[PDB]
Amino acid sequence: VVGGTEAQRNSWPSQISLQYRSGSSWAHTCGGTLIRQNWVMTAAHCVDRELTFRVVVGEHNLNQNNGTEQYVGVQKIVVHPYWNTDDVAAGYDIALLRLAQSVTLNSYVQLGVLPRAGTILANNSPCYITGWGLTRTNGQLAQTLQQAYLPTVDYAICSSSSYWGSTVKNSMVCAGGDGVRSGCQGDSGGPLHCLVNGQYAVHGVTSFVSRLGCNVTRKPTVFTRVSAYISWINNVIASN
Ligand SMILES: [Ca+2]
């Protein structure tokens with residue numbers, strides 16, 4: 001997250017850290033959202049590679065023991081059938097991970113609330129992006145969870161020539177673009193929490209940013225629109 005600030009300890013209890021094994025060590029690669037005690041929602045491009053993954057819930061400081069973490073393996077990876085690694089702009093950047101065990105819910109670990117199918121947010125709706133991603137373009141990962149106020153940019157405006165043009169589709173959500181705040185590498189797969197009816201719900205899965213950089217004016221962070229995949233999500237969790 002570029003231009004963010006440290007989040008209150010465990011104030012976004014559904015946020016998870018997706019890590020892979022590198023030799024004998026583990027490294028953070030993406031964010032995610034705990035939607036069930038044994039199911040995680042993240043980005044498809046986060047699990048394209050065949051690596052050993054693990055999920056960490058109740059996390060805050062990646063390099064220190066906060067006394068609230070729970071580590072669990074990933075036993076199954078279900079990527080959306082239409083996902084294309086060579087065309088992220090085609091959408092469908094979403095995947096569900098079945099955990100090897102059910103985590104224990106508490107003050108620091110809670111399920112994320114999903115919106116009702118087809119829900120579209122009005123322009124400039126209040127939302128927050130969270131993650132341990134890069135704090136600067138080509139910079140380094142954050143040690144502690146970061147958050148940044150990132151209001152939405154409606155489709156009509158985001159898909160205009162003065163912004164993303166045709167690169168953005170209706171199955172995505174755009175937020176930010178003030179040239180100061182945004183998502184960045186490492187935030188991918190993470191949530192975009194938006195305030196709706198007095199409650200925070202996960203309306204987006206961080207998908208991509210500009211090649212020119214993370215925080216670029218008129219180039220909002222692009223998110224997979226969760227409300228367009230509710231039936232798919234339900235069908236997967238009801239079968240496996
Ligand atoms: Ca920690």
# chains A, B, ... in the order shown; residues from 1 in each chain; ligands from 1

call {"tool": "residues_near_ligand", "arguments": {"ligand": "ligand 1", "cutoff": "10 Å", "atoms": "only C-alpha atoms and all ligand atoms", "output": "ChimeraX atom specification"}}
result
/A:56-70,143-144

call {"tool": "write_last_selection", "arguments": {"atoms": "N, CA, C and O atoms", "output": "tab-separated table (two decimals), in the first residue's frame"}}
result
chain	number	residue	atom	x	y	z
A	56	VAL	N	-1.68	-17.49	6.85
A	56	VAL	CA	-1.46	-17.01	8.21
A	56	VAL	C	-2.58	-16.04	8.58
A	56	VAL	O	-2.73	-14.99	7.95
A	57	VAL	N	-3.36	-16.39	9.59
A	57	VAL	CA	-4.45	-15.54	10.04
A	57	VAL	C	-4.02	-14.87	11.34
A	57	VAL	O	-3.03	-15.29	11.96
A	58	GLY	N	-4.74	-13.82	11.73
A	58	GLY	CA	-4.43	-13.10	12.96
A	58	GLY	C	-3.06	-12.44	12.93
A	58	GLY	O	-2.47	-12.18	13.98
A	59	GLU	N	-2.58	-12.15	11.73
A	59	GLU	CA	-1.27	-11.54	11.55
A	59	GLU	C	-1.29	-10.01	11.59
A	59	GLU	O	-2.30	-9.38	11.26
A	60	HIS	N	-0.18	-9.42	12.03
A	60	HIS	CA	-0.05	-7.96	12.07
A	60	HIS	C	1.36	-7.54	11.68
A	60	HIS	O	1.54	-6.71	10.80
A	61	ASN	N	2.36	-8.09	12.36
A	61	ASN	CA	3.75	-7.78	12.06
A	61	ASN	C	4.37	-9.05	11.47
A	61	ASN	O	4.53	-10.05	12.17
A	62	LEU	N	4.72	-8.99	10.19
A	62	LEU	CA	5.30	-10.13	9.49
A	62	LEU	C	6.63	-10.64	10.03
A	62	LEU	O	6.96	-11.81	9.82
A	63	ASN	N	7.38	-9.80	10.72
A	63	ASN	CA	8.68	-10.22	11.24
A	63	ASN	C	8.74	-10.42	12.75
A	63	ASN	O	9.81	-10.68	13.30
A	64	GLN	N	7.60	-10.31	13.43
A	64	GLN	CA	7.59	-10.49	14.88
A	64	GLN	C	6.41	-11.32	15.34
A	64	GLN	O	5.38	-11.39	14.68
A	65	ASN	N	6.57	-11.96	16.50
A	65	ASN	CA	5.50	-12.76	17.07
A	65	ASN	C	4.52	-11.85	17.80
A	65	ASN	O	4.86	-11.27	18.84
A	66	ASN	N	3.32	-11.71	17.25
A	66	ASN	CA	2.29	-10.86	17.84
A	66	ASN	C	1.46	-11.61	18.89
A	66	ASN	O	0.68	-11.00	19.61
A	67	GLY	N	1.65	-12.92	18.96
A	67	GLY	CA	0.91	-13.73	19.91
A	67	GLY	C	-0.55	-13.93	19.53
A	67	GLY	O	-1.37	-14.26	20.38
A	68	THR	N	-0.87	-13.76	18.25
A	68	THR	CA	-2.24	-13.92	17.78
A	68	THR	C	-2.34	-14.72	16.48
A	68	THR	O	-3.44	-15.02	16.01
A	69	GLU	N	-1.19	-15.07	15.91
A	69	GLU	CA	-1.15	-15.81	14.66
A	69	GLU	C	-1.54	-17.28	14.72
A	69	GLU	O	-1.44	-17.94	15.76
A	70	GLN	N	-2.01	-17.78	13.58
A	70	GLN	CA	-2.38	-19.18	13.39
A	70	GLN	C	-1.89	-19.53	11.99
A	70	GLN	O	-2.20	-18.83	11.03
A	143	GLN	N	6.22	-4.06	7.10
A	143	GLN	CA	6.32	-5.04	8.18
A	143	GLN	C	4.99	-5.22	8.88
A	143	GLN	O	4.61	-6.33	9.26
A	144	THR	N	4.29	-4.11	9.07
A	144	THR	CA	3.00	-4.10	9.74
A	144	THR	C	1.87	-3.80	8.75
A	144	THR	O	2.09	-3.13	7.74

call {"tool": "residues_around", "arguments": {"residues": "residue 223 in chain A", "least_positions_apart": "6", "cutoff": "9 Å", "atoms": "only C-alpha atoms", "output": "number ranges by chain"}}
result
A: 93, 171-175, 188-189, 191-192, 203-208

call {"tool": "write_last_selection", "arguments": {"atoms": "N, CA and C atoms", "output": "compact mmCIF listing (two decimals), in the first residue's frame"}}
result
# COMPACT_ATOMS: atom_id res chain seq x y z
N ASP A 93 -9.90 -12.81 -12.32
CA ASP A 93 -8.75 -12.95 -11.43
C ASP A 93 -9.21 -13.24 -10.01
N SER A 171 -16.70 -6.26 -14.79
CA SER A 171 -16.53 -7.27 -13.74
C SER A 171 -15.41 -6.86 -12.79
N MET A 172 -15.02 -5.59 -12.85
CA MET A 172 -13.96 -5.07 -12.01
C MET A 172 -14.44 -3.82 -11.29
N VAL A 173 -13.70 -3.42 -10.26
CA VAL A 173 -14.01 -2.22 -9.50
C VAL A 173 -12.75 -1.37 -9.48
N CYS A 174 -12.91 -0.06 -9.63
CA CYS A 174 -11.77 0.85 -9.60
C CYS A 174 -11.88 1.72 -8.36
N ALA A 175 -10.74 1.96 -7.71
CA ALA A 175 -10.70 2.79 -6.52
C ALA A 175 -9.38 3.57 -6.47
N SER A 188 -1.85 -7.74 -3.85
CA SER A 188 -2.67 -8.58 -4.72
C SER A 188 -3.40 -9.66 -3.96
N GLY A 189 -4.65 -9.91 -4.36
CA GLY A 189 -5.46 -10.93 -3.73
C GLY A 189 -6.13 -10.45 -2.46
N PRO A 191 -8.22 -7.68 0.17
CA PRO A 191 -9.54 -7.06 0.08
C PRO A 191 -9.60 -5.54 -0.06
N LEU A 192 -10.76 -5.09 -0.53
CA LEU A 192 -11.10 -3.68 -0.64
C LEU A 192 -12.36 -3.68 0.22
N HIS A 203 -15.77 -5.86 -1.18
CA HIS A 203 -16.28 -5.67 -2.54
C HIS A 203 -15.24 -5.92 -3.62
N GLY A 204 -13.98 -6.03 -3.23
CA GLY A 204 -12.96 -6.26 -4.24
C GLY A 204 -11.79 -7.12 -3.84
N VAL A 205 -11.14 -7.69 -4.85
CA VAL A 205 -9.95 -8.52 -4.67
C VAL A 205 -8.91 -7.80 -5.52
N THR A 206 -7.87 -7.30 -4.87
CA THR A 206 -6.83 -6.55 -5.57
C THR A 206 -6.27 -7.35 -6.74
N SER A 207 -6.35 -6.78 -7.94
CA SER A 207 -5.88 -7.46 -9.14
C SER A 207 -4.67 -6.84 -9.82
N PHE A 208 -4.76 -5.57 -10.22
CA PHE A 208 -3.60 -4.95 -10.87
C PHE A 208 -3.52 -3.43 -10.81

call {"tool": "closest_residue", "arguments": {"among": "A:127, A:238, A:142, A:99", "to": "residue 37 in chain A", "atoms": "only C-alpha atoms"}}
result
A:99

call {"tool": "select_by_dssp", "arguments": {"residues": "range 88-217 of chain A", "states": "alpha helix (DSSP H)", "output": "number ranges by chain"}}
result
A: 155-158

call {"tool": "residues_around", "arguments": {"residues": "residue 72 in chain A", "least_positions_apart": "3", "cutoff": "8 Å", "atoms": "only C-alpha atoms", "output": "PyMOL selection string"}}
result
chain A and resi 54-56+99-101+103

call {"tool": "closest_residue", "arguments": {"among": "A:161, A:138, A:146, A:234", "to": "residue 211 in chain A", "atoms": "only C-alpha atoms"}}
result
A:138

call {"tool": "closest_residue", "arguments": {"among": "A:181, A:36, A:136, A:21", "to": "residue 96 in chain A", "atoms": "only C-alpha atoms"}}
result
A:36

call {"tool": "residues_around", "arguments": {"residues": "residue 147 in chain A", "least_positions_apart": "3", "cutoff": "12 Å", "atoms": "only C-alpha atoms", "output": "short mmCIF file (atom, residue, chain, number, x, y, z; two decimals) with N, CA and C atoms, in the first residue's frame"}}
result
data_model
loop_
_atom_site.label_atom_id
_atom_site.label_comp_id
_atom_site.auth_asym_id
_atom_site.auth_seq_id
_atom_site.Cartn_x
_atom_site.Cartn_y
_atom_site.Cartn_z
N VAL A 1 0.84 -1.22 0.00
CA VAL A 1 0.00 0.00 0.00
C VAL A 1 0.86 1.25 0.00
N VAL A 2 0.68 2.10 -1.01
CA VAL A 2 1.44 3.33 -1.09
C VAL A 2 0.62 4.46 -0.47
N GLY A 3 1.28 5.29 0.34
CA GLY A 3 0.59 6.39 0.98
C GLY A 3 -0.41 5.95 2.03
N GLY A 4 -0.13 4.82 2.68
CA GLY A 4 -1.04 4.34 3.70
C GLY A 4 -0.53 4.65 5.10
N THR A 5 -1.20 4.09 6.10
CA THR A 5 -0.81 4.28 7.48
C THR A 5 -1.02 2.94 8.17
N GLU A 6 -0.30 2.70 9.26
CA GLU A 6 -0.43 1.44 9.98
C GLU A 6 -1.83 1.25 10.53
N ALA A 7 -2.39 0.06 10.30
CA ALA A 7 -3.72 -0.25 10.78
C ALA A 7 -3.68 -0.63 12.25
N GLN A 8 -4.76 -0.35 12.97
CA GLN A 8 -4.83 -0.70 14.37
C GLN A 8 -4.66 -2.21 14.44
N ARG A 9 -3.94 -2.67 15.46
CA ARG A 9 -3.70 -4.10 15.63
C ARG A 9 -4.96 -4.93 15.47
N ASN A 10 -4.96 -5.78 14.45
CA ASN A 10 -6.09 -6.65 14.18
C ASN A 10 -7.44 -5.93 14.07
N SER A 11 -7.49 -4.84 13.32
CA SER A 11 -8.74 -4.10 13.13
C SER A 11 -9.44 -4.55 11.84
N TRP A 12 -8.78 -5.41 11.09
CA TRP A 12 -9.32 -5.98 9.86
C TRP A 12 -9.06 -7.48 10.03
N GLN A 15 -8.44 -10.29 7.17
CA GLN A 15 -7.25 -10.18 6.33
C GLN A 15 -6.26 -11.31 6.59
N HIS A 60 -0.18 -9.42 12.03
CA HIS A 60 -0.05 -7.96 12.07
C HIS A 60 1.36 -7.54 11.68
N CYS A 127 -14.19 3.39 0.78
CA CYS A 127 -13.60 2.06 0.88
C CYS A 127 -12.16 2.18 1.39
N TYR A 128 -11.64 1.07 1.90
CA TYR A 128 -10.27 1.01 2.42
C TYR A 128 -9.55 -0.21 1.86
N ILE A 129 -8.31 -0.03 1.44
CA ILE A 129 -7.54 -1.16 0.96
C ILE A 129 -6.56 -1.48 2.08
N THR A 130 -6.28 -2.76 2.30
CA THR A 130 -5.34 -3.15 3.34
C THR A 130 -4.35 -4.16 2.79
N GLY A 131 -3.15 -4.18 3.37
CA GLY A 131 -2.14 -5.12 2.92
C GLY A 131 -0.73 -4.83 3.38
N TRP A 132 0.15 -5.80 3.16
CA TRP A 132 1.56 -5.69 3.54
C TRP A 132 2.40 -5.43 2.29
N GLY A 133 1.74 -5.05 1.20
CA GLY A 133 2.44 -4.78 -0.05
C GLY A 133 3.44 -3.63 -0.02
N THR A 135 5.35 -0.23 -0.14
CA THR A 135 4.93 1.11 0.29
C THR A 135 5.35 2.19 -0.71
N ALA A 142 5.85 -3.91 3.57
CA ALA A 142 5.66 -3.29 4.86
C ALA A 142 5.73 -4.39 5.91
N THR A 144 4.29 -4.11 9.07
CA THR A 144 3.00 -4.10 9.74
C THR A 144 1.87 -3.80 8.75
N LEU A 150 -9.47 4.72 0.09
CA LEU A 150 -9.44 4.63 -1.36
C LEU A 150 -10.85 4.60 -1.96
N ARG A 181 -2.22 7.64 -3.08
CA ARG A 181 -2.55 6.38 -2.43
C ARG A 181 -2.94 5.28 -3.41
N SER A 182 -2.55 4.04 -3.11
CA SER A 182 -2.89 2.93 -3.99
C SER A 182 -2.37 1.58 -3.51
N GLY A 183 -2.78 0.54 -4.21
CA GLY A 183 -2.31 -0.80 -3.91
C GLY A 183 -0.98 -0.92 -4.64
N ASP A 187 0.05 -6.62 -2.39
CA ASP A 187 -1.31 -6.40 -1.91
C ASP A 187 -2.29 -7.27 -2.69
N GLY A 190 -5.66 -9.32 -1.94
CA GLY A 190 -6.21 -8.76 -0.72
C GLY A 190 -7.57 -8.12 -0.92
N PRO A 191 -8.22 -7.68 0.17
CA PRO A 191 -9.54 -7.06 0.08
C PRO A 191 -9.60 -5.54 -0.06
N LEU A 192 -10.76 -5.09 -0.53
CA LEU A 192 -11.10 -3.68 -0.64
C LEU A 192 -12.36 -3.68 0.22
N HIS A 193 -12.27 -3.09 1.41
CA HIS A 193 -13.40 -3.04 2.34
C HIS A 193 -14.22 -1.77 2.10
#

call {"tool": "closest_residue", "arguments": {"among": "A:220, A:186, A:81, A:13", "to": "residue 232 in chain A", "atoms": "only C-alpha atoms"}}
result
A:81

call {"tool": "select_by_dssp", "arguments": {"residues": "range 43-239 of chain A", "states": "strand (DSSP E or B)", "output": "ChimeraX atom specification"}}
result
/A:53-57,61,70-79,95-99,106,109,127-131,144,146-149,152-153,172-175,182,191-196,199-208,216,219,221-225

call {"tool": "atom_distance", "arguments": {"atom1": "CA of residue 167 in chain A", "atom2": "CA of residue 90 in chain A"}}
result
8.1 Å
